[PDB]
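*Asks:* PDB entry and its sequence, pasted below:
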Amino acid sequence: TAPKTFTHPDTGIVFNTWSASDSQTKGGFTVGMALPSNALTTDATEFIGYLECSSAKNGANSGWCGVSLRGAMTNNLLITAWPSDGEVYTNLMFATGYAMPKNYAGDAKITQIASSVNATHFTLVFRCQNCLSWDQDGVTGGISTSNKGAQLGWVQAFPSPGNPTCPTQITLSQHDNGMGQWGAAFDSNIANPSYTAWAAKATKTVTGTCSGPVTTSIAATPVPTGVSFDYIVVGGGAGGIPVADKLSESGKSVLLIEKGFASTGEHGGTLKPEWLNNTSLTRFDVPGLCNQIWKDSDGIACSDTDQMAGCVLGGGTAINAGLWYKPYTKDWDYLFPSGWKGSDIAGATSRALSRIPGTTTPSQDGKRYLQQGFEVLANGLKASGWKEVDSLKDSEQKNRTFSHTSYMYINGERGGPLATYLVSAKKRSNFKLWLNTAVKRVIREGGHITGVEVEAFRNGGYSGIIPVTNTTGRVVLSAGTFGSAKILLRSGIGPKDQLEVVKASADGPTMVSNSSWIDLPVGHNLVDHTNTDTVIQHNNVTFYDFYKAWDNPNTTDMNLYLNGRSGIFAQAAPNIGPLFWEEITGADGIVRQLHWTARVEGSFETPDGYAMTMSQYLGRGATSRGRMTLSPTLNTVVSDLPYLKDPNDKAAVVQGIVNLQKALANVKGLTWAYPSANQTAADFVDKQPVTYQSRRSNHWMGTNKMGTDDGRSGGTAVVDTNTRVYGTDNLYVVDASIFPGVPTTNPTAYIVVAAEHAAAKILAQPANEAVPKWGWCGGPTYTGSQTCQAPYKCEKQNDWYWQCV
Ligand SMILES: Cc1cc2nc3c(=O)[nH]c(=O)nc-3n(C[C@H](O)[C@H](O)[C@H](O)COP(=O)(O)OP(=O)(O)OC[C@H]3O[C@@H](n4cnc5c(N)ncnc54)[C@H](O)[C@@H]3O)c2cc1C
Ligand code: HEM
Ligand SMILES: *[C@@H]1O[C@H](CO)[C@@H](O)[C@H](O)[C@H]1NC(C)=O
Ligand SMILES: *[C@@H]1O[C@H](CO)[C@@H](O)[C@H](O)[C@H]1NC(C)=O
Ligand SMILES: *[C@@H]1O[C@H](CO)[C@@H](O)[C@H](O)[C@H]1NC(C)=O
Ligand SMILES: *[C@@H]1O[C@H](CO)[C@@H](O)[C@H](O)[C@H]1NC(C)=O
Ligand SMILES: *[C@@H]1O[C@H](CO)[C@@H](O)[C@H](O)[C@H]1NC(C)=O
Ligand SMILES: *[C@@H]1O[C@H](CO)[C@@H](O)[C@H](O)[C@H]1NC(C)=O
Ligand SMILES: *[C@@H]1O[C@H](CO)[C@@H](O)[C@H](O)[C@H]1NC(C)=O
Ligand SMILES: *[C@H]1O[C@H](CO)[C@@H](O)[C@H](O)[C@@H]1O
Ligand SMILES: *[C@H]1O[C@H](CO)[C@@H](O)[C@H](O)[C@@H]1O
Ligand SMILES: [Mg+2]
Ligand SMILES: [Mg+2]
Ligand SMILES: [Mg+2]
Ligand SMILES: [Pt+2]
Ligand SMILES: [Pt+2]
Ligand SMILES: [Pt+2]
Ligand SMILES: [Pt+2]
Ligand SMILES: [Pt+2]
Ligand SMILES: [Pt+2]
Ligand SMILES: [Pt+2]
Ligand SMILES: [Pt+2]
Ligand SMILES: [Pt+2]
Ligand SMILES: [Pt+2]
Ligand SMILES: [Pt+2]
Ligand SMILES: [Pt+2]
């Protein structure tokens, strides 16, 4: 009621002010008025206002202020204020009821003088012309300044307005932070001779912009207090899912964090073509729909990499063709160290094949479809003396061999880890699943990981830090070849220059200190199958589209799938003809594996129908390696290609094609589109560019290589034979990134088998125990526990020695 006098320090203007108490609102609220010289006698039509308002939390630019001029919200002119960008915006509103007020169409105008914004308050000094009398529709109101005083209402809110930069279009909910009104009465200072000079300082103006609605926000859930896990696995995928289940059989608490959203039907996925609406099936569930990922991939695939990777539950297993194979045991013999050889891995290979047996006849009616294309090549090959084997039992015949396509499917829908391992895991109470949640890095005190930092990627997901239960807790990185290498780098584990790139980013202030960095060759030894395409034609080739089966599917086949789980839709797009294999000895005395897959599709210039493309995959035995690195904002890039470096790698690719022509030489009516018949094989291979767009197989591997040679000693291995990161207590990597090289076939089978094997070694490892005072807690050769008994701290003594002190 009684006015406080307040002189503005900046502009020099004297206000009458009225404030609210600390109970009425928090952060505080103050109004002020400045009137003309004659104002205490005759009614003034204008005034100079002052607003000091509050931002409590949401606290940078947020909240809004209001004033009602005869004080009730209704049938009076409202003035509404709020910060955005660091400026202050206002709007003149008029409310009839106690719903959201409209814009005031009338002669009232606000022009600014001075403004302030900071973490506590936002200030405004403005000038209101023609604001003391109003009309809207049929409503007359006003206040007489000679009374002497006025009724004033006020409000304050916690959230900032929607469309906060476009005043005409703003969106509000009811005022949170407080409300009330005064009996405010005037005195000496509200009428000043200096007034008309004060109102010429109204020159200032603010720039609004409309631009439409906003998609940016991502509201998140903060991480539960007093919760921890025995194992935390990062990412659902070929490695992630199977390892999380097998850990969860132990009874220990397991959490699985995944950046993606729900993928298949069973797990709550919604993405479908318009003709799957009336079922629970989803585009990831139908095999014949699997190639649409090359047409519309948005939000399905990772934005932080220059390559194709699924960010969805099941990762690669959700977007791939589903090809499944009993692993060739020689691949383990050649690639892996001891404990991972063919004989050690035999146990876990049967366990994986029991949960996911795979099938050569995905259709549940019992036989195959559009096999005429398959037939041409199949018979043409045994004519040159090749041998049909079943790729699901004697896996040992990879030389001059073909087989029927073999999938991971179960009941004619996409099979694999999502349909088996992740179901039997969800049934358990210890198991928990978090989606739409990105892991930024692991948190660690020295070589011991305490917990992991998460950031909500999409809405459902979580922000903040989850701990592992202490001293025993373990983290497993399953986030894929590029994803896992990235997490390590951001965790201060990797080559120096890459860590510097991280330190120089927006991650840097919060990043681990470099006193604790671990030098490992993360990102080195990048490797991929080397893919090369050839094209043939025959009149026997039956083409099926599959791309417009999205929109306008064949009705006999749609009804055949939906009703019976049969028809062409139960096998992979595109229709995948025979798989065949050849091993080749080079002049360097290495045997390089070839893996051919044939699908009935057109390639570079050869139109679809009559056409079969034959993709050669250069596998195990290839010597060439690349490297992965980080962009300045921490995108993963392939800066060194692993394709056709060694001249003997290229020799084998060329050989393969020659041998294939000789073996298809006697077949009726067989064209060769590529290489065209005027062209030699070597000439063709050489015209193919060696570039990841031309030659990549999407089988990326090896960026944290497993080996017995510690990286910190100038060896090549990031993780040891138990899949644990050198220099660490609790930190493991289970996924394609540990493979020292590519296997014969498509890697998903090899990865799940490998996840089975690792979860057994991990579990077999003795519990971790804190190091006593004076004990050895670290340095470049140290393999033991990295954490001290409390209060004691790990401290560095030499350049080579850390002890608990
Ligand atoms: C286009 C394509 C086609 C393929 N076709 C075949 C095929 O026909 N046959 C075959 O056998 N294999 C195929 N694969 C290859 C095979 O799927 C991959 O090698 C396999 O998926 C590797 O599994 P992974 O667990 O190592 O990584 P992924 O399977 O990619 O799983 C990684 C998971 O971790 C999650 N993640 C990543 N970053 C984070 C983060 N920081 N925080 C939390 N979670 C994160 C990802 O979202 C993803 O879900 C294909 C792959 C692709 C990309
Ligand atoms: C959509 C946003 C808004 C909603 C839902 C809203 C709703 C309300 C409701 C329901 C009441 C009191 C209930 C009652 O009297 O029974 C109220 C009171 C009030 N409102 Fe509004 N309001 C909104 C925006 C504003 C604006 C823009 C102003 C003025 C700047 C404002 C100023 C007031 C004041 C001063 C009071 C207390 C005095 C009174 O009862 O009139 N509100 N608000
Ligand atoms: C923010 O501004 C308000 C008034 O405009 C002032 O009271 C407060 O001290 C300022 N905050 C800081 C941190 O200076
Ligand atoms: C399928 O569902 C989507 C989801 O809203 C809808 O947009 C589409 O029209 C539906 N198609 C039908 C019912 O044929
Ligand atoms: C082409 O198809 C016909 C029947 O459709 C078959 O008799 C013939 O053997 C096929 N050609 C080859 C090369 O298999
Ligand atoms: C693969 O088969 C070819 C042809 O029979 C033969 O020349 C080659 O030595 C074989 N390689 C191996 C490793 O058996
Ligand atoms: C660690 O960082 C500081 C600057 O942040 C730098 O001066 C120091 O040399 C770094 N340590 C090493 C070993 O380079
Ligand atoms: C749809 O597929 C069936 C085979 O199941 C075929 O007989 C029919 O002709 C196809 N329809 C069209 C329009 O091609
Ligand atoms: C587990 O945590 C507490 C507090 O964080 C610590 O004092 C205790 O020593 C830790 N466990 C062991 C075995 O030291
Ligand atoms: C985290 O918080 C969100 C709200 O933004 C919830 O919708 C979600 O269920 C999760 O618990
Ligand atoms: C973290 O805060 C939660 C609030 O949900 C409590 O339940 C818990 O005891 C801890 O203080
Ligand atoms: Mg309130
Ligand atoms: Mg494939
Ligand atoms: Mg770049
Ligand atoms: Pt006076
Ligand atoms: Pt505007
Ligand atoms: Pt929980
Ligand atoms: Pt869609
Ligand atoms: Pt060998
Ligand atoms: Pt469930
Ligand atoms: Pt913590
Ligand atoms: Pt149906
Ligand atoms: Pt080379
Ligand atoms: Pt591609
Ligand atoms: Pt074991
Ligand atoms: Pt070290």
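*Replies:* In hand now; what should we look at? Numbers count the residues shown, from 1 in each chain. Ligands and ions are numbered 1, 2, ... in the order given.
*Asks:* what ranges does the stretch 101-250 of the chain have for its helices?
*Replies:* All helices of the stretch 101-250 of the chain, identified by DSSP state H, counting those that start in this stretch, fall at 195-198, 240-248.
*Asks:* quick one: which of these is nearest ligand 9?
*Replies:* Across the helices of the stretch 101-250 of the chain, the minimum distance to ligand 9, taken as Cβ to the nearest ligand atom, is reached by helix 240-248, at 21.3 Å. Where C-beta positions appear, they are placed from N, C-alpha and C, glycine not excepted.
*Asks:* buried sites along the closest one?
*Replies:* The neighbour-count criterion (16 or more other Cβ atoms under 10 Å) identifies 240, 241, 242, 243, 244, 245, 246, 247, 248 as the buried residues of helix 240-248.
*Asks:* repeat for stretch 122-131
*Replies:* Of the residues in stretch 122-131, those buried by neighbour count under the rule 16+ other Cβ under 10 Å are 122, 123, 124, 125, 126, 127, 128, 131.
*Asks:* can you put these in JSON lines and add distance to residue 30?
*Replies:* Shown next, in JSON lines, are these (distance: Cβ to Cβ, whole Å):
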{"residue": "122", "distance to residue 30": "12"}
{"residue": "123", "distance to residue 30": "9"}
{"residue": "124", "distance to residue 30": "11"}
{"residue": "125", "distance to residue 30": "12"}
{"residue": "126", "distance to residue 30": "14"}
{"residue": "127", "distance to residue 30": "18"}
{"residue": "128", "distance to residue 30": "17"}
{"residue": "131", "distance to residue 30": "19"}
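*Asks:* now, the residues you listed that are in strands?
*Replies:* When DSSP state E defines the strands, the subset of the buried residues of stretch 122-131 inside them is 122, 123, 124, 125, 126, 127, 128.
*Asks:* does the fifth one really touch residue 111, like I thought?
*Replies:* Yes. Taking Cβ atoms under 8 Å as the contact criterion, residue 126 and residue 111 are neighbours in contact, 6.7 Å apart.
*Asks:* how many neighbours does residue 84 have?
*Replies:* 21 (other Cβ atoms under 10 Å).
*Asks:* I'd like the numbering to begin with 6 instead of 1 from here.
*Replies:* Yes, from this point I'll number from 6; that puts the last item at residue 89.
*Asks:* looks like it contacts residue 168 (just checking).
*Replies:* No. Proximity of residue 89 to residue 168 does not meet the contact threshold set by Cβ under 8 Å, at 9.7 Å.
*Asks:* could you dump the helices of the stretch 106-255 of the chain into CSV with distance to ligand 23 added?
*Replies:* Listed next are the helices of the stretch 106-255 of the chain as CSV, based on distance: least, Cβ to the ion, whole Å:
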stretch, distance to ligand 23
helix 200-203, 80
helix 245-253, 34
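*Asks:* export the ones you listed to JSON lines and tack on distance to ligand 5?
*Replies:* As requested, these are arranged in JSON lines below (distance: least, Cβ to the nearest ligand atom, whole Å):
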{"stretch": "helix 200-203", "distance to ligand 5": "96"}
{"stretch": "helix 245-253", "distance to ligand 5": "41"}
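*Asks:* tell me which of the ones you listed lies nearest to residue 663.
*Replies:* Judged by Cβ to Cβ, the one of the helices of the stretch 106-255 of the chain that comes nearest to residue 663 is helix 245-253, at 39.9 Å.
*Asks:* which other helices and strands contact that closest one?
*Replies:* For helix 245-253, the elements it packs on are strand 236-239, strand 259-262, helix 421-424, helix 426-431, strand 436-439, helix 753-769, judged by 3 or more Cβ pairs under 8 Å, 6 or more residues apart in numbering; DSSP states H and E.
*Asks:* which one of these lies closest to ligand 5?
*Replies:* The nearest among those, by Cβ to the nearest ligand atom, is helix 753-769 at 30.3 Å.
*Asks:* quick one, the closest one and helix 245-253 angle?
*Replies:* Note on geometry: by axes from the mean of the first three to the mean of the last three Cα atoms, to 10 degrees, helix 753-769 and helix 245-253 are set 30 degrees apart in direction.
*Asks:* who's in contact with the following helix or strand past helix 753-769?
*Replies:* Later in the chain than helix 753-769, the nearest helix or strand by DSSP states H and E is strand 781-783. With Cβ atoms under 8 Å, 6 or more residues apart in numbering as the contact definition, strand 781-783 has outside contacts at 451-452, 732, 776, 787, 789-793, 799, 801, 806-809.
*Asks:* and ligand 9, which of those reach it?
*Replies:* Taking Cβ under 6 Å from any ligand atom as the test, ligand 9 is in contact with none of these.
*Asks:* just the buried ones out of these, please.
*Replies:* Buried by 16+ other Cβ under 10 Å: 451-452, 732, 776, 787, 790-793, 799, 801, 807-809, out of these.
*Asks:* so can I have JSON lines of the residues you listed showing secondary structure and distance to residue 444?
*Replies:* Formatted as JSON lines, the buried ones among the contacts of strand 781-783 follow (DSSP: H, G, I helix; E, B strand; the rest coil; distance: Cβ to Cβ, whole Å):
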{"residue": "451", "secondary structure": "coil", "distance to residue 444": "20"}
{"residue": "452", "secondary structure": "coil", "distance to residue 444": "19"}
{"residue": "732", "secondary structure": "coil", "distance to residue 444": "19"}
{"residue": "776", "secondary structure": "strand", "distance to residue 444": "27"}
{"residue": "787", "secondary structure": "coil", "distance to residue 444": "26"}
{"residue": "790", "secondary structure": "coil", "distance to residue 444": "24"}
{"residue": "791", "secondary structure": "coil", "distance to residue 444": "20"}
{"residue": "792", "secondary structure": "coil", "distance to residue 444": "21"}
{"residue": "793", "secondary structure": "strand", "distance to residue 444": "26"}
{"residue": "799", "secondary structure": "strand", "distance to residue 444": "24"}
{"residue": "801", "secondary structure": "strand", "distance to residue 444": "28"}
{"residue": "807", "secondary structure": "strand", "distance to residue 444": "27"}
{"residue": "808", "secondary structure": "strand", "distance to residue 444": "32"}
{"residue": "809", "secondary structure": "strand", "distance to residue 444": "29"}
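*Asks:* of those residues, closest to ligand 10?
*Replies:* With Cβ to the nearest ligand atom as the yardstick, the closest approach to ligand 10 among these comes from residue 792, at 31.5 Å.
*Asks:* which residues in the stretch 506-655 of the chain form strands?
*Replies:* In the stretch 506-655 of the chain, strands defined by DSSP state E, counting those that start in this stretch lie at 529-531, 535-542, 581-590, 596-604, 616-623, 631-635, 641-645, listed in chain order.
*Asks:* quick one: list the elements packing against the fifth one.
*Replies:* Here strand 616-623 is seen to pack against helix 377-387, strand 535-542, strand 596-604, helix 652-669 when contacts are counted using 3+ Cβ pairs under 8 Å, 6+ apart.
*Asks:* one step back: shared neighbours of residue 131 and residue 116, anything?
*Replies:* In terms of Cβ under 8 Å, 6+ apart, residue 131 and residue 116 are both contacted by the residues residue 207.
*Asks:* which residues are in contact with residue 8?
*Replies:* Contacts were defined as Cβ under 8 Å, 6+ apart; by that measure residue 8 touches 21, 22, 23, 189, 190, 191, 192, 194, 195.
*Asks:* which one of the residues you listed is nearest residue 641?
*Replies:* For these, the residue nearest residue 641 by Cβ to Cβ is residue 22; the value is 56.8 Å.
*Asks:* these two touch, right, that closest one and residue 39?
*Replies:* No. In this structure, residue 22 sits apart from residue 39 without contact. The criterion is Cβ under 8 Å, and the distance is 10.3 Å.
*Asks:* so between the two, which is more surrounded?
*Replies:* When neighbours are counted by other Cβ under 10 Å, residue 22 and residue 39 differ, and residue 39 comes out ahead with 25 against 18.
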